[PDB]
Ligand SMILES: [Hg+2]
Ligand SMILES: [Hg+2]
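Protein chains in written order, with the deposited numbering: chain A, 11 to 124, 162 to 346; chain A', 11 to 124, 162 to 346. A prime marks a further copy of an entry chain.
Spelled out as structure tokens, the structure:
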């Protein structure tokens, strides 16, 4: 009853590995149309055959596959997610299992000792606005959509090249011929714009904790005041905590505690982070229940 | 809905690691009586405090703990299993997370390319028997209980010393003064006993696959025929497969596919394994539903 849960929790390496190594020679793709026996399977693989059997079972146990009749096997609609289609939730497993991630997390205890594009932002409403300045835009994803959205508003970007700086045919492509106003360089530089509203997308997500404080020191040391600082982020459940859903926040906090930087602040951990770093709270507003996406907005 | 399952399956490293590193400075033990705040907690640990918070959460998410009021935390009856009491299901996590196990499984894909004591055996019934010979006994666990059980039956063992060979005060301790008849050495040696019944406990469990064949070649090349070869084992679901329970077999197969040797044969994979290795099937009989423990018995 309870042990069941604990083991199931404690045996995560098993569960984790088996899926990666199933898509590793994309097993599902063989069974998308259909494939039977371990023998027909083992031809188009390499590996062992009667010690590959010991994996088909493991999959079938984890419910990703299902042997309908003795030996011979099919796959489940969960196992449908692993082909490279609609979701293609297998790139996910591939990166979360190669030594880059899987071997890194092995010694993660020590660290405890030591293409998104919001039209959600068209519920903030830039509906009396002339200028904006996207801080560390990079791709030209929002910038496009937002200056596309509001035909009279204009804008600016600043990111170093070699940080997804393929703006070339994206601020240009799709209408915004004027209103690129593009700059270069880091966010660690004191930002020369003093022009209406300021936008920072899923960016503490990238940052550390007092990295966030000093990149926001670099704004209000020469922000044009009496205007709005937007920052869109994933938050962390200050709502309460719970089990179901939520998840993504928790084990991406620890993922980025290992795989590069990122940590997750709650509501109040942004309020105090702003109040000392020269910013003043105002309203906050999330996405619907399926996500944690939150448009923060302090003055 | 489904993604939920897949992620939950694919994110096993997270789940796996967090529990080990919670008992690693036995957090639960602090909260068995009671402990509050991250600050009182962090004194009796080391580590960080506001980057230890990022773990308490993770535990509380995985439901092992539960923060009742802002910050301050308690633990759950699942988290009760991790202290070192009744079950003490934390030694489990400690060995399944240190580099010996956790780092070993990291590259386990390649391998795919390349104190129990049955009174259950007092349902086989030695109830017309005089002699027995426990093959590779070692500890003197059954030998004791069984020659203790039946006052007139007598027996023998053979195991190399330095393989839990603390028989000294166990065949002796608890009544069986006579009927030790103890020998030494490997099972790879041709076994000199030709004396009634032969017993092999959870031993393919230890073995490989054709290691099993030749250690049973070493029996019938000089077994006294017309008698019974007992071997007690964990089987593998030839019943069907399923999800709930079962589990232990599946991810101990792969555990021993990494952590030393062991693989799991089903019913028919023992029948053919015996039929060529000079043994003849007869009855099989398991433990109840909670386990897979099976007393095989071929003539
Ligand atoms: Hg990664
Ligand atoms: Hg181990």
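Each residue gets a CB set at the ideal place from its N, CA and C atoms; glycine is no exception.
Mind checking which residues open and close the alpha helix (DSSP H) that includes residue 323/A'?
Note, residue 323/A': alpha helix (DSSP H), 315-323.
From the beta carbon of residue 16/A', is the nearest beta carbon of chain A less than 8 Å away?
yes
Taking 7 Å as the cut-off, is the beta-carbon of residue 110/A' closer than that to any non-hydrogen atom of ligand 2?
yes
Under a CB-based cut-off of 8 Å, is residue 77/A close to chain A'?
Cβ-Cβ to chain A' under 8 Å: yes for residue 77/A.
Can you check the segment 213-293 of chain A for any alpha helix (DSSP H) of at least 4 residues that lies completely inside it and give the ranges in chain order?
257-267
Just the Cα atoms here: how many angstroms apart are residue 162/A' and residue 331/A?
58 Å
Starting from the beta carbon of residue 304/A, find every residue of chain A' whose beta carbon is closer than 8 Å, and list them in chain order.
Listed along chain A' are 61, 64, each with a C-beta nearer than 8 Å to that of residue 304/A.
Taking residue 296/A as part of the alpha helix (DSSP H), name the residues at either end of that continuous run.
295-305
Quick one: grab the DSSP three-state call for residue 340/A.
strand
Assign residue 186/A' to buried or exposed, taking buried as 16 or more other Cβ atoms, counted over all protein chains shown, within 10 Å of its Cβ.
The Cβ neighbour count for residue 186/A', taken over all protein chains shown within 10 Å, is at least 16; the residue is labelled buried.
Assess, as a yes-or-no matter, whether the segment 302-319 of chain A' is touched by the segment 270-283 of chain A' under the definition of 3 or more beta carbon pairs within less than 8 Å.
yes
Could you tell me how far apart the beta carbons of residue 74/A' and residue 55/A' are, in whole angstroms, since I believe they sit closer than 8 Å?
The Cβ separation is near 17 Å, so there is no contact.
The segment 42-58 of chain A' touching the segment 169-177 of chain A, judged by at least three CB pairs closer than 8 Å:
No, they do not touch.
Drop a sphere of 10 angstroms on the beta-carbon of residue 243/A, count the other beta-carbons inside from all chains shown, and report buried for 16 or more, exposed for fewer.
buried
Which residues DSSP lists as bridging residue 201/A', in chain order
178/A'
Name, in chain order, the residues that DSSP records as bridge partners for residue 332/A.
Beta bridge pairing from DSSP links residue 332/A with 342/A.
CB contact below 8 Å: residue 84/A' versus chain A
no
So the candidates are 40/A, 91/A, 67/A, 43/A; which of them puts its Cα closest to the Cα of residue 11/A'?
91/A
Would you say the beta carbon of residue 106/A' is closer than 7 Å to some non-hydrogen atom of ligand 2?
yes
Applying the 10 Å Cβ sphere with the 16-neighbour rule, what's the burial state of residue 105/A'?
exposed
Residue 15/A' versus residue 64/A - alpha carbon distance:
22 Å
For the segment 24-32 of chain A against the segment 93-112 of chain A, are there 3 or more C-beta pairs whose distance is under 8 Å?
yes
Compare the C-beta of residue 71/A' against all C-beta atoms of chain A and say whether one is closer than 8 Å.
yes
Assign residue 65/A' to one of three DSSP states: helix, strand, or coil.
helix
Quick one: list the residues of chain A neighbouring residue 68/A', beta-carbon separation under 9 Å, in chain order.
297, 298, 300, 301
Once you ignore the five residues that flank residue 200/A' on each side, which residues in its own chain have a CB closer than 8 Å to its CB?
173, 176, 177, 178, 179, 193, 194, 226
Under the rule that 16 or more other beta-carbon atoms within 10 Å means buried, what is residue 241/A, buried or exposed?
With fewer than 16 Cβ atoms within 10 Å of its Cβ, residue 241/A is classed as exposed.
Contacting residues, own chain, Cβ-Cβ under 7 Å from residue 206/A' (five flanking each side not counted):
183, 184, 185, 212, listed in sequence order.
Check the DSSP bridge columns for residue 84/A and list the partner residues they point to.
76/A
What is the rounded straight-line gap between the Cα of residue 219/A and the Cα of residue 59/A'?
48 Å
Which residue's Cα is closest to the Cα of residue 164/A': 215/A', 21/A', 191/A', 116/A'?
191/A'
Determine which residues of the segment 222-242 of chain A' have a Cβ less than 8 Å from any Cβ of chain A, and write them out in chain order.
Listed by position, the residues of the segment 222-242 of chain A' near chain A (Cβ gap below 8 Å) amount to none.
Considering only residues of the same chain and omitting the five flanking positions on each side of residue 123/A, which have a CB-CB separation below 6 Å?
none
Please tell me whether, using a cut-off of 7 Å, the distance from the CB of residue 306/A to the nearest non-hydrogen atom of ligand 2 is below it.
no
Residue 24/A' beta carbon less than 8 Å from that of residue 325/A:
No, Cβ-Cβ distance for residue 325/A and residue 24/A' is not below 8 Å.
Could you please tell me which residues of the segment 250-275 of chain A, in chain order, have their CB closer than 7 Å to any CB of chain A'?
none
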